[PDB]
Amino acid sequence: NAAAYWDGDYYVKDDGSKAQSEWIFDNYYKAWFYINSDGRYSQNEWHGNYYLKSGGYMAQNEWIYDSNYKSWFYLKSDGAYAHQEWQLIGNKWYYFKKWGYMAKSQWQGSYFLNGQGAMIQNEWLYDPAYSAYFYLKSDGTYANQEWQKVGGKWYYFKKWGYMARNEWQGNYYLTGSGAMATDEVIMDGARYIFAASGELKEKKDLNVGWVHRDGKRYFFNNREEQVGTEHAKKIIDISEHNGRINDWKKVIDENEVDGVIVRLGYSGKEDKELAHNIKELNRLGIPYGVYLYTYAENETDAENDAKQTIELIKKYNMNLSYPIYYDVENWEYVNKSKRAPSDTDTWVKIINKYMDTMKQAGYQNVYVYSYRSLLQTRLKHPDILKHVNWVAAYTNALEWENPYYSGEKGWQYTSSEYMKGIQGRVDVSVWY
């Protein structure tokens, strides 16, 4: 007489009565609908373990995004949401937490789910929480207590998946990058010779670095050769990243430090320890210079860097025995929105601007600091290189010449020295 039909939002059942608070299957649509207590079909909402989409159709074998929970959900073959379980969907593995929330950007035991919720396979993962590298294998599990060949190089993963670095594993040494050593490594006052396949061949004891010879002191690089003379100076650079230094006199005497380069901060921001560092060095009469890490992008930025530098110098009553350093590197913001110009000409302009501003303000003991590879590429210009007298190269020898600068200079040869009176690694240079 009038059965099994939709009357707007209402549904008339097999008999001839209105549906109410019940599931009905429509044969035309081949779909389930849940009819609410109001008599109307539910839509854009959950009912128990099931989701009713726009138009009322129960979701089955499909993803649903719920704006209320800001979460993806997956609805199984019977409509029930996936929860506390793994599902293979479109040839990828997904994990669903309690209440059906898709896991994303997190671990689930030995597996890691990316931002789209997919289990990672054959990929590197840095995890800040564990502050280390992991490698998720073909099966999705993190590599552990085993070797892995990745991108043509060999890596060792320890218990809990940690990538070994700067450490031994049997006859093999994992370098700073984590990759197996295949040639030579100088460390612990020794030279180590590895076969091309990685196993240690030979160990030779060396006496290198700062060596004390009968009342005198010299610096020897890793190729057992002298840098500078007996008057070579040990210069550290310090920043908030070294934490707070409570006993500066201890630091200076016990490590035989001749001077310090102190971080001012970076473009627009003052180093947290600058005030304390300047105060202490001033009071103790330790020779120091300073450096600003630049995030410049143009001449406006370069002028702002100099202005900031000048303000800080007068503010803290800085007494500068060593230069003011423009720390020039391949910078990038943490959110990666901006990164340094690549072209030589833009940096000629930036560096020239900074120098010119400093000069007109009365500061002429101003120089550029950078690392070797950059001075060889995007910085290789007579107008820049004329300002360079402090070069980083964490190598066995500097092996870099600068025709455009003559006189006293520094080589930052390490970022991993330990020193009495300081916690953690310290940057150290030889001045010569």
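Residues carry their position along the shown sequence, with the first being 1.
Stretches compared: 328 to 336, 150 to 158. Higher mean C-alpha B-factor in the entry: 328 to 336. Higher mean CA temperature factor, per the PDB entry, when comparing 92 to 100 with 187 to 195: 187 to 195.
The PDB entry assigns the greatest CA B-factor among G170, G140, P287, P341 to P341. Taking the PDB entry at face value, the top CA B factor among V208, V251, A118, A232 belongs to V208. Sorting the modelled residues of the chain by their CA temperature factor places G259 in the lowest third. In this PDB entry, the Cα temperature factor of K272 sits in the middle third of its chain's modelled residues. Annotation for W431: C-alpha temperature factor in the lowest third relative to the rest of the modelled chain, per the entry. In the deposited entry, the Cα temperature factor of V227 sits in the top third of values across the chain's modelled residues. Sorting the modelled residues of the chain by their CA temperature factor places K53 in the lowest third.
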